[PDB]
Amino acid sequence: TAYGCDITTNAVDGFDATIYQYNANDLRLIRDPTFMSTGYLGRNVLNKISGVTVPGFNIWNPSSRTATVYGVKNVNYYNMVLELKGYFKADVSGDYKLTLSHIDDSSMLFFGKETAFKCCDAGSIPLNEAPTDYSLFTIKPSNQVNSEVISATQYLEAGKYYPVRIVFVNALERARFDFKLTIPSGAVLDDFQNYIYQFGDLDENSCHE
Amino acid sequence: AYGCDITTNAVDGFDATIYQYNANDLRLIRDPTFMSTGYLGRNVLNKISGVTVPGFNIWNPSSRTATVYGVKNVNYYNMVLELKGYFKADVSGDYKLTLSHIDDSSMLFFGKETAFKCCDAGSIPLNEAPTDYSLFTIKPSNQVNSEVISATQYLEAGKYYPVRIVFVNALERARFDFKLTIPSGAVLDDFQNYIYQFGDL
Ligand SMILES: CC(=O)N[C@@H]1[C@@H](O)[C@H](O)[C@@H](CO)O[C@H]1O
Ligand SMILES: CC(=O)N[C@@H]1[C@@H](O)[C@H](O)[C@@H](CO)O[C@H]1O
Ligand SMILES: [Ca+2]
Ligand SMILES: [Ca+2]
Ligand code: NA
Ligand code: NA
Ligand code: NA
């Protein structure tokens, strides 16, 4: 029933990133839609990183299988699964486009309908989460250029929040994750600050007095 | 081999297969297994070849049937449609496929170039091509689907890329808006000379 709240002081910036183990040189699972949507969740977690507003990167170090990713040293970029999750807030009403470009090796994106909220004294609690059906799935052909640029545009309402999940896999060597936002003005952004949020948990016993 | 000298068995247009779908089933339209493979188990209602203009937008408040792809009395109100073919252009460059405002749902698959067995009477696509990308769009129950979903890729002149589009109408309006943008920037509704089949020999 409520798609917004007066008190949203518990909203904080950024995607939450989870990095999972992935077998080096596996060019099969990157094309497997079940693996990209759910199967990856069974792998060992390597890192958890919050506060991420600039999600894109293009990393290749011929001399190291690790690199600094999202401010964290020694991340195993060479072979990994990355999951990014959060709530996208539309500022103004209009068509917003999410674009995945030249991905190496593969990525799948999920974008949900507007979340409802429970409104509490100390903040808002989003009720909807885990959209399960993907919109976009892009895969680099083995050993050839990824010329694919794939996008999803939809109308968003000013002030409303939409859950989003992006899954990215690097099987070996270069990790290229190019993820861009086009807002209704036509501006193209690689920085999601003031558009991407988490909602802090609160004590549901004291939601109201 | 990604091409052959003799391709005299190639003909134009998508091949359409229309399958039975239960009216008012708003569950399977959002089931990715159903949209990718499950539909293939349903009863076939129509087979239509030579489909050149694949898009349509049909709603008759007084009838559950309509003319689709020149065929009278197609059960548009509740159906699965599968379009398949091989995409080819003779001009290398960026091509975009776009699905818009789909009612009720659609899933699109685009494969890498197919290899061939070249024979005296024609070419045989080996058609085990790994997927390049896929798109999935679903209309929400309470509103027009605002989604416009597209894929652009650089395609090579003379290469054949398998393409498959699955569309479902669960009830009422069947909106399947599917367009091609070619390297010149022109936006086309007609796919005739961009989509091919290979005849059995
Ligand atoms: C240095 C480089 O570009 N390596 C890419 C690699 O990232 C990709 O995972 C692999 C399989 O497509 O193909 C290689 O050419
Ligand atoms: C006339 C019309 O647009 N009817 C639509 C129908 O096509 C759609 O399948 C259904 C479920 O989303 O919602 C109805 O409002
Ligand atoms: Ca790679
Ligand atoms: Ca419908
Ligand atoms: Na490139
Ligand atoms: Na009528
Ligand atoms: Na046309």
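Below, chains carry the letters A, B, ... as their sequence lines are ordered, and counting in each starts from 1.
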Main chain of [Y], side chain of [X]: is a donor-acceptor contact present, judged purely on distance under 3.5 Å?
X        : Y        : value
A/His208 : A/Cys119 : yes
A/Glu157 : A/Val92  : no
A/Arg31  : A/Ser106 : no
B/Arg164 : B/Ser36  : yes
A/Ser147 : B/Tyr154 : yes
B/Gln197 : B/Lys84  : yes
A/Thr115 : A/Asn128 : yes
A/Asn10  : A/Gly200 : yes

Ring centroid separation [X] to [Y] under 6.0 Å:
X        : Y        : result
A/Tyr197 : A/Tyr87  : no
A/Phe137 : B/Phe136 : no
B/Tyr161 : B/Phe87  : no
A/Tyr70  : A/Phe15  : no
A/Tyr22  : A/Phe35  : yes

Practice item. Under the side chain to side chain contact (heavy atoms under 4.5 Å, CB included) rule, what do B/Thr98 and B/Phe178 come out as? Steps first, then yes or no, please. Key: CA-CA 6 Å; B/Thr98 305; B/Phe178 181 42; over 6 Å; no
Please report the closest heavy-atom contact between [X] and [Y], naming both atoms and the distance.
X        : Y        : value
A/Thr34  : A/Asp32  : N-OD1, 2.9 Å
A/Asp178 : A/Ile103 : N-CD1, 3.4 Å
B/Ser100 : B/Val148 : OG-CG1, 3.6 Å
B/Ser92  : B/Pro183 : O-CG, 4.5 Å
A/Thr1   : A/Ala116 : N-CB, 4.5 Å
B/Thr67  : B/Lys72  : OG1-CA, 4.0 Å

[atom1] of [X] to [atom2] of [Y]: how many Å apart, nearest 0.5 Å?
X        : Y        : atom1 : atom2 : result
B/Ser49  : B/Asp15  : OG    : CG    : 6.0 Å
A/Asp13  : A/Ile196 : CG    : CD1   : 10.0 Å
A/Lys118 : A/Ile125 : NZ    : CD1   : 5.0 Å
B/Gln20  : B/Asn46  : CD    : CG    : 12.5 Å
A/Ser135 : A/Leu109 : OG    : CG    : 6.0 Å
B/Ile182 : B/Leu188 : CD1   : CG    : 5.0 Å

Point to revise | Cystine candidate A/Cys5-A/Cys120, SG separation under 2.5 Å | key: no
Exercise for review: Identify the residue among A/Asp133, A/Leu156, A/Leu136, A/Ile166 that makes a side chain to side chain contact (heavy atoms under 4.5 Å, CB included) with A/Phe111.
Suggested key: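 By the side chain to side chain contact (heavy atoms under 4.5 Å, CB included) criterion, A/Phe111 pairs with just one of A/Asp133, A/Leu156, A/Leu136, A/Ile166: A/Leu156.
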Hydrogens and angles aside, do [X] and [Y] bring a side-chain donor and acceptor to less than 3.5 Å of each other?
X        : Y        : value
A/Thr18  : A/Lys48  : yes
A/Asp95  : A/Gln154 : no
A/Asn146 : A/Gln144 : no
B/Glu147 : B/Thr137 : yes

Close side-chain approach of [X] and [Y], heavy atoms under 4.5 Å:
X        : Y        : result
B/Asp103 : B/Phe167 : no
B/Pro32  : B/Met107 : yes
A/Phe192 : A/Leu181 : yes
A/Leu27  : A/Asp105 : yes
B/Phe198 : B/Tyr160 : yes

Check your understanding: So, A/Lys89 and A/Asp91, do they make that salt bridge, N to O below 4.0 Å?
Key -> no
**Study point:** Stepwise side chain to side chain contact (heavy atoms under 4.5 Å, CB included) test for A/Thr153 and B/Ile149
**Key:** CA-CA 6 Å; A/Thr153 301; B/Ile149 190 155; over 6 Å; no
For [X], look at atom [atom1] and say whether over 12 heavy atoms of other residues, nucleotides or ligands are found less than 6.0 Å away.
X        : atom1 : result
A/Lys97  : NZ    : no
A/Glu129 : CD    : no
A/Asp6   : CG    : no

Check your understanding: Should A/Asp121 and A/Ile7 be marked as a side chain to side chain contact (heavy atoms under 4.5 Å, CB included) after you check the CA-CA gap, both sets of side-chain angles, and the distance that decides it?
Key -> CA-CA 7 Å; A/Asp121 294 341; A/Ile7 307 299; over 6 Å; no
Practice item. List in chain and number order the residues that pass salt bridge (charged side-chain N to carboxylate O under 4.0 Å, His left out) with B/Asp189, two or more places apart in sequence or in another chain; answer none if no residue qualifies. Key: B/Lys179
Point to revise | Within 45° cone and under 6.0 Å: A/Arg43 NZ/CZ vs A/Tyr20 ring | key: no
Show me the donor-acceptor pairs, under 3.5 Å and distance only, between side chains in residues 75-84 of chain A and residues at least two apart or in other chains.
{"residue": "A/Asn76", "atom": "ND2", "partner": "A/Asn79", "partner atom": "O", "Å": "3.0"}
{"residue": "A/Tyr77", "atom": "OH", "partner": "A/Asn61", "partner atom": "N", "Å": "2.9"}
{"residue": "A/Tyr77", "atom": "OH", "partner": "A/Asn61", "partner atom": "O", "Å": "3.1"}
{"residue": "A/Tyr77", "atom": "OH", "partner": "A/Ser64", "partner atom": "O", "Å": "2.7"}
{"residue": "A/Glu83", "atom": "OE2", "partner": "A/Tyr40", "partner atom": "OH", "Å": "2.6"}

